[PDB]
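Trainee: How does the following fold in three dimensions:
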Amino acid sequence: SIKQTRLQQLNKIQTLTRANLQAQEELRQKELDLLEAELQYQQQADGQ
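Mentor: Residues are numbered from 1 along each chain as shown. Take a look at the structure below.
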């Protein structure tokens, strides 16, 4: 039962740690780039 237990949680927590990094990657990458991109793109008004 202890083995069942540790097996069971490694199987979730590891699955999810990994799944979550990937889900999070989408969520976090957009966090920095949407706004930086708007700053840099709107800045073209000066470049013009």
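Trainee: Quick check: what element follows the longest helix belonging to the chain along the chain?
Mentor: Longest helix of the chain, by residue count under DSSP state H: helix 2-42. Following helix 2-42 in sequence order, the next helix or strand is helix 44-47 (DSSP states H and E).
Trainee: hey, C-alpha coordinates of that next one in PDB?
Mentor: The C-alpha trace of helix 44-47 is given here as PDB (Å, rounded to 0.1, in the frame of the first residue of the first chain):
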ATOM      1  CA  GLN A  44       7.100  52.500 -35.500                       C
ATOM      2  CA  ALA A  45       5.200  55.700 -35.500                       C
ATOM      3  CA  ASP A  46       8.400  57.300 -34.500                       C
ATOM      4  CA  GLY A  47      10.500  55.300 -36.900                       C
END
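Trainee: picking up where we left off before, run the chain-centre distance for the longest helix of the chain.
Mentor: Chain-centre distance of helix 2-42: 4 Å, with Cα atoms, centre = their mean, to the nearest Å.
Trainee: Begin at 51, not 1, for the rest of this chat.
Mentor: Sounds good: first residue 51 from here, last item helix 52-92.
Trainee: And that helix, what does it pack against?
Mentor: Packed against helix 52-92, as judged by 3 or more Cβ pairs under 8 Å, 6 or more residues apart in numbering; DSSP states H and E, are no other helices or strands. All C-beta spots, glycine's among them, are computed from the backbone N, C-alpha and C.
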